[PDB]
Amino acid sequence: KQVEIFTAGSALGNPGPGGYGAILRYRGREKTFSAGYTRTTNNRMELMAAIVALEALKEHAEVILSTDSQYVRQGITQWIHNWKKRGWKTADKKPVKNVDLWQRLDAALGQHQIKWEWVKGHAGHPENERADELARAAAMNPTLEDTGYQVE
């Protein structure tokens, strides 16, 4: 009864139009999520894709979450536990960049048992490539405001 999730984010500027793609497969069937934002960043969309996919889970699950985001990998495996120790502030006492989405992602993890698959490259990873096609299509026709995006 494992859930497989494949996520990607894309943005056309720093900040610029951006979007996310997420694919969820469970007991043979698939569900897809994609939305575009008018002013955002690649890293925020990479986070948003994982958030939206995980928030769609209505029951505690065993999840295999595949993403090619280096940013998500570093947050999950290197930074988040230290950020929590420090009250979500850097050494200069400013809030961590994208703290709104990191905290929302941490809540979206819920009680799921997640095995993260950090993929490098689209070759041999068709669902990741498709998630990226969804993110890019959403970035080309954005409808939402990424209200939490802040300069710098």
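The first residue of the sequence shown is number 1, and the count goes up from there.
Higher mean CA B-factor, judged across 34-42 and 119-127 from the recorded values: 119-127. Higher average CA B factor: 25-33, of the stretches 99-107 and 25-33. When the CA B factors of the chain's modelled residues are split into thirds, the value for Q113 lands in the highest one.
Among the modelled residues of its chain, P15 has a C-alpha B-factor that falls in the middle third, as given in the PDB entry. When all modelled residues of the chain are sorted by CA temperature factor, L47 is found within the lowest third. Remark: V63 belongs to the middle third of its chain, ranked by C-alpha B-factor as recorded.
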